[PDB]
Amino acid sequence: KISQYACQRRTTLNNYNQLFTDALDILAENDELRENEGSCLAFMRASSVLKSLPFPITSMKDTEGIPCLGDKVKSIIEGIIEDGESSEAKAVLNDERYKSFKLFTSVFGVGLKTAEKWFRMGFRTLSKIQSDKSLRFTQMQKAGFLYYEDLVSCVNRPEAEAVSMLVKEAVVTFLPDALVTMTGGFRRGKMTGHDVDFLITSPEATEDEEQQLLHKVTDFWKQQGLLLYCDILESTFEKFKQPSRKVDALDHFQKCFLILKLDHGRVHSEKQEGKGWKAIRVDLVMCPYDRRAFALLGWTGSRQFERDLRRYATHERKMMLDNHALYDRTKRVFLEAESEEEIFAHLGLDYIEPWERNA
């Protein structure tokens, strides 16, 4: 019996139901844009459970016993079985507001509010936005437009590995005992990503050394001429605060959102061609050593896997989980973990491998 929780399912990248889930992902994204949080959640949970199936749906009988498939979702599945297409998802793909939101938020530094503002101003293309003489752009958006073609092309595994080498070389220069781990999509086995994410931790660094590392590493890259964009968010981490009760838990660790200049010579791929370098989005997170397993688990994702992990912890175990800690409300104790496996064992869950968290 398939669990309603993604954290009790193994979801690998061999999706046999992409015809259904691509349509459900589009419908979920449109509900996010139309501020319909409820309908968005229902389509996300349905899409997530179909991604876990070891076989393709070929008839309505195949949906029997599958949880998170409401009447609205089953009508969409029925229509795709009928014609090979979703008329509902097709209408969203042709919707002017949806097309504009997807196009505008494809720019680094552009969120829902700015995308909505530009749409209501009558903008429909990035060319008309960039060349406008009255518009004022944030420093984030300026970088988003300047490095647009590189950022919109997918980061591949040779590029992610080349970035990992750069991160490790910079980090060990200031903290030689530091542990650097690639997280996000690439840790889940993806071939491509929009960015490359890393978790950095040090067993012997002080509170001040931990705070200064991201400033030292980015100043080093600025000196090398590799820092194209940099935004460092200081830590708001509280060692003894209870974990978040929120559906989407906020991360309080020190972090930075970067754009790095990746020279072609550093990339060992099958394939100089153009300018000789590529702009790469990189996120770095620094966490205290004792919280490394919670941070790794939170930053590995997927977003749906994290949501269900926290929901399961609260509703089934009366535990509070976030990226910083695990608290047991019955025992009235914080639970320690040196690995992700120990977190899963505390929660009474079978261990799910990172490549099985693609919910």
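For the two forms, the rigid core is made up of the largest set of C-alpha atoms that agree within 1.5 Å on superposition. Residue numbers run from 1 along the displayed sequence.
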{"item": "Higher-deviation segment by CA RMS in 7 other deposited structures of this protein, core fitted, 25 to 33 or 287 to 295", "value": "25 to 33"}
{"item": "Other compared entries missing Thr138, a third or more", "value": "no"}
{"item": "No coordinates for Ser100 in a third or more of the other PDB entries", "value": "no"}
{"item": "Size class of the missing deposited segment between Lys271 and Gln272", "value": "1 to 3"}
{"item": "Selected stretch [higher average CA B-factor]: 312 to 320 or 34 to 42", "value": "34 to 42"}
{"item": "Given 202 to 210 and 142 to 150, the range whose Cα B-factors average higher in the PDB entry", "value": "202 to 210"}
{"item": "Candidate residues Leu112, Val282, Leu93, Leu103, the one whose C-alpha B factor the record puts highest", "value": "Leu112"}
{"item": "Identity of residue with top Cα B-factor, from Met191, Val163, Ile129, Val172", "value": "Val172"}
{"item": "Within-chain third of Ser52 by Cα B-factor, per the entry", "value": "lowest"}
{"item": "Third assignment of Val196 from its chain's C-alpha B-factors", "value": "lowest"}
{"item": "Lowest, middle or highest third - CA B-factor, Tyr229", "value": "middle"}
{"item": "Third of the chain's Cα B-factor distribution that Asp71 belongs to, per the entry", "value": "highest"}
{"item": "Within-chain third of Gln254 by Cα B-factor, per the entry", "value": "middle"}
